[PDB]
DNA sequence: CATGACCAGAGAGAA
DNA sequence: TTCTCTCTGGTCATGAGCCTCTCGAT
RNA sequence: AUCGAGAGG
Ligand SMILES: [Zn+2]
Ligand SMILES: [Zn+2]
């Protein structure tokens, strides 16, 4: 139904992706101090939107809790180590 | 505390506007061609200097 | 990144994390920070062998 | 599709950035020396200097690129018909021309086509390669980034098995042929 | 209501869909399925035929359509029978099916033939598990 | 620096200029070859002032170079110095005049 | 060569999204260099959006 | 510079000096064609170049989503619909001036204040 | 991978 | 003409952290 | 043994 599209790296040269659908909301102050700081997009001619930014990660780092709060080599380290953790690898 | 983080983010803002000014000045062909470096080099040096100053 | 317009020499466009680890990095800050951390890891991984050979 | 052999065509711009007599030559798969581009072009049937430049330069108002091309027009001024262009070829006489004719459609730009009679497509494509070469040499386009992911390919299970299967299936085929020859009468 | 724009929460709905349809190894299965369905035949037909000549005639042998079975095993002093994964693991067997090609021999102016066994990627289309149920799998000693 | 001539930037800048290598290519904008066959009257209107002030006391092909104001300011370089160095290179094997 | 590439590009994209062009085929219109590149390759990494 | 080719051969012409009348002619060297020169300029060699700083302006440019939009008005028509970009020259000492393209009248203007060329 | 000496060539001065 | 002189691309060629483990085909 | 692969500080 043409609501979603496959883009490869060559093709993403010609596009402009939003990060969250909220980027498409119009604007025209009073903010939570504790939240992180997001620069306004200052771009309007969007053609696509990310499904979800967290989808940039692999299977391993998708286990890391709050990886947006740690220095990146630690995320690489945990990615290497979680493959060394024990658990039920198969129910059979 | 909230006062200190207010000051921290106002500092980040002032650095952002410093670099905005640097860039508009570069875009008007109004940089000084100080000896030994391109205009773009002077610009990059100034912006990186500003942002590192902000972080510190 | 394809989320930026062309010719954008902004702080945030070219890899300035204005957020702290406490508050949290945005996706673009996350990816740029990852870009830097990888360079760190590779510098580690080969400096090790180069200094081993130097010491030898 | 077919034998996935890889040919490599180089178009080299001779001469340092401050040197003059800056010529362009091409490397072709079975000839020792680089041969100048206009000689290829005329061997592909594009004889006049203007037609050649039209194949390379897609704007007549680009005097810079045409000025860069002038030394190539001077380089192959000696060769001004198609047949003599085909003759200029490094072999150990008529067979020389035939070897060149074959190479041009066989090993030169094999991905365009390997069937005969499409010298025009290969001439235009060679010109396109030359155009982007000169675009880079005029500090108009930047060096090509070899680490763009889009220019990268991931051979998965399918392709790997296919590459292995082609090799061994032809070994089985050669064995079949040898058993056939051995049995001339039984 | 129905046409209102989505929010960031709604994104996960789509994500769920994406995985319901593909799982987590889609690259492997799509590559192998494409190989089996199309690429195999192509390579069988590439340069296949061979011709030998004599004084009078010429004899030609040409391979045609390929057929790939479901995984089986040939038991020494025994029948060939359907090989399922767990058996192939426990018995140090190779979970692979058979290649049969329609080869003809023409002469101037044979039926299906065996040519070998291709290892099958589990959960590909020629794998028994591709159409299996959760209960089917448990009955097959295969973790779901 | 020479002992005692430290802390005067101007001496230092004079050493910088004396020491940093300079080519013609550094200051040249464009290089042209014209057909200008009557020496006393050029076909380039701009140059008439030039050929006009050559009233004191070859080959019809003209080589004409244009030089960069800013590059000439970044070095302490005169049109006279450039021209004298060209004339010294070629030993009256080539006739040189220049703008002011 | 193609003149009026905007029309052709709209047609191609609507075909791919309809399904009439394989959704894994990629299509890039480089406007400022007057190029259109289509890839039906095997082995290039893509992601949904 | 401009360049000229013989009308019969479509081969490029070579300059010749008519020494008698001090004329500039352009000769073909595949045949005997010759013709008057239309400019005294034979060779131009730019080292500081501006050619190709505006490269890539086509009427379709306004539909490049990749390109950013300024709030400036057109000097000609005063539409505030414009695309902009830095110089397309990939020399590393290139002025960081931004060229604007009006999306209403296809007119290129510039953020430069030190010069007003073309 | 990638940084680099050895000939072997050939252009190149002197008496 | 001889002779000594520079004097550079195709080469072939080197190593390339230490252990340490475990595994897995021939 | 040999070749290779993964991993650890
Ligand atoms: Zn002619
Ligand atoms: Zn306008």
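Chains as they are written, first to last, in the entry's author numbering: chain A, 687 to 714, 721 to 784; chain B, 672 to 727; chain C, 784 to 839; chain D, 246 to 337, 345 to 438; chain E, 20 to 75, 86 to 138, 162 to 196; chain F, 1120 to 1176, 1188 to 1230; chain G, 589 to 637; chain H, 2 to 119. Cβ atoms here follow ideal geometry from the backbone N, Cα and C, with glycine treated the same way.
Within chain D, partners of residue i - CB distance below 7 Å
i             : result
residue 601/G : By Cβ distance, chain D contributes nothing, its closest Cβ being about 18 Å from residue 601/G, past 7 Å.
residue 166/E : Those within 7 Å of residue 166/E in chain D number zero; the least Cβ separation is about 11 Å.
Segment limits, alpha helix (DSSP H) that includes residue i
i              : result
residue 61/E   : 59–64
residue 24/E   : No alpha helix (DSSP H) contains residue 24/E, which DSSP labels as neither H nor E.
residue 289/D  : From DSSP, residue 289/D is part of no alpha helix (DSSP H); its letter is neither H nor E.
residue 271/D  : Careful: residue 271/D lies outside any alpha helix (DSSP H), inside the beta strand (DSSP E) at 269–271.
residue 298/D  : 294–301
residue 1209/F : 1209–1220
residue 258/D  : Where residue 258/D is concerned, there is no enclosing alpha helix (DSSP H), although the beta strand (DSSP E) it sits in stretches over 256–258.
residue 825/C  : 810–838
residue 350/D  : 346–358
residue 425/D  : 409–434
Residue interval of the beta strand (DSSP E) (run including residue i)
i              : result
residue 131/E  : 125–136
residue 1151/F : 1147–1154
residue 91/E   : 87–97
residue 75/E   : Segment: none, residue 75/E is in no beta strand (DSSP E) and carries neither H nor E.
residue 111/E  : 109–111
residue 636/G  : 634–636
residue 1135/F : Where residue 1135/F is concerned, there is no enclosing beta strand (DSSP E), although the alpha helix (DSSP H) it sits in stretches over 1128–1138.
residue 796/C  : Counting along the chain, residue 796/C falls outside any beta strand (DSSP E), and DSSP gives it neither H nor E.
residue 614/G  : 614–618
residue 625/G  : 623–627
Closer than 7 Å: residue i CB and nearest ligand 3 heavy atom
i             : result
residue 786/C : Ligands present in the displayed structure are limited to ligand 1 and ligand 2, and ligand 3 is not among them.
Chain B contact residues for residue i, given Cβ-Cβ distances below 7 Å
i            : result
residue 97/H : 697, 698, 710, 711, 714
Within chain A, partners of residue i - CB distance below 7 Å
i             : result
residue 195/E : 782, 783, 784
For residue i, the residue or residues it bridges with in DSSP
i              : result
residue 171/E  : 125/E
residue 15/H   : 28/H
residue 103/H  : 83/H
residue 1197/F : 1147/F
residue 111/H  : 100/H
residue 751/A  : None, per the DSSP bridge assignment.
residue 165/E  : 130/E
residue 103/E  : 109/E
residue 371/D  : In the DSSP output, where bridge partners are listed per residue, residue 371/D has none listed.
residue 692/A  : 636/G
residue 281/D  : 270/D
residue 70/E   : 89/E
residue 364/D  : Note: residue 364/D sits in no beta bridge, so no partner.
Contacts of residue i in chain E (Cβ-Cβ under 8 Å)
i             : result
residue 708/A : 26, 27
residue 418/D : 62, 65
Partner residues on chain G for residue i, Cβ-Cβ distance less than 9 Å
i             : result
residue 59/H  : 619, 620, 622
residue 411/D : 630, 631
Chain-ordered neighbours of residue i on chain H, where CB pairs are closer than 8 Å
i             : result
residue 803/C : Simply none; closest approach about 29 Å.
Partners in chain B for residue i, counting only beta-carbon separations shorter than 8 Å
i             : result
residue 117/H : Those do not exist, as residue 117/H stays about 11 Å from chain B at its closest Cβ, beyond 8 Å.
residue 799/C : 722
Listed by chain order, chain B residues near residue i by CB distance under 9 Å
i             : result
residue 729/A : 680, 683
residue 112/H : 695, 698, 699, 700
Per-residue contacts from residue i into chain D (C-beta, under 9 Å)
i            : result
residue 45/H : 308, 309, 312
Contacts of residue i in chain F (Cβ-Cβ under 9 Å)
i             : result
residue 109/H : Those within 9 Å of residue 109/H in chain F number zero; the least Cβ separation is about 23 Å.
Cross-chain neighbours of residue i in chain H, by beta carbon under 7 Å
i              : result
residue 789/C  : 67, 68, 69, 86
residue 1198/F : 49
Interface partners of residue i on chain A, CB under 8 Å
i            : result
residue 33/E : 690, 743
Under 8 Å from the C-beta of residue i: neighbouring residues of chain G
i             : result
residue 401/D : 633
Enumerate, from N- to C-terminal direction, the unbroken alpha helix (DSSP H) stretches of 4 or more residues contained entirely within the region 673–714 of chain B.
-> 673–698
Identify each residue in the region 594–628 of chain G for which the Cβ-Cβ distance to at least one residue of chain H is less than 8 Å, and report them in chain order.
-> 594, 619, 620, 621, 622
May I ask you to list, following chain order, the residues of the region 817–838 of chain C that have a beta carbon less than 8 Å from some beta carbon of chain A?
-> Result list: 817, 819, 820, 821, 823, 824.
Any beta strand (DSSP E) of 3 or more consecutive residues that is wholly inside the region 21–96 of chain H = Counting only runs of 3 or more, we get 24–28, 35–37, 42–47, 83–87.
Quick one, which residues of the region 64–97 of chain H are near chain G if we go by CB-CB under 9 Å, in chain order?
-> Within the region 64–97 of chain H, contact with chain G at the beta-carbon level (separation under 9 Å) is assigned to 64, 65, 67, 68, 86, 89.
Using a beta-carbon distance cut-off of less than 9 Å, what residues from the region 751–765 of chain A approach chain C?
-> Per Cβ criterion, the list reads 758, 759, 760, 761, 762, 763, 764, 765.
At a Cβ cut of 9 Å, what residues of the region 1155–1167 of chain F count as close to chain H, listed as they run along the chain?
-> 1155, 1156, 1157, 1162, 1163
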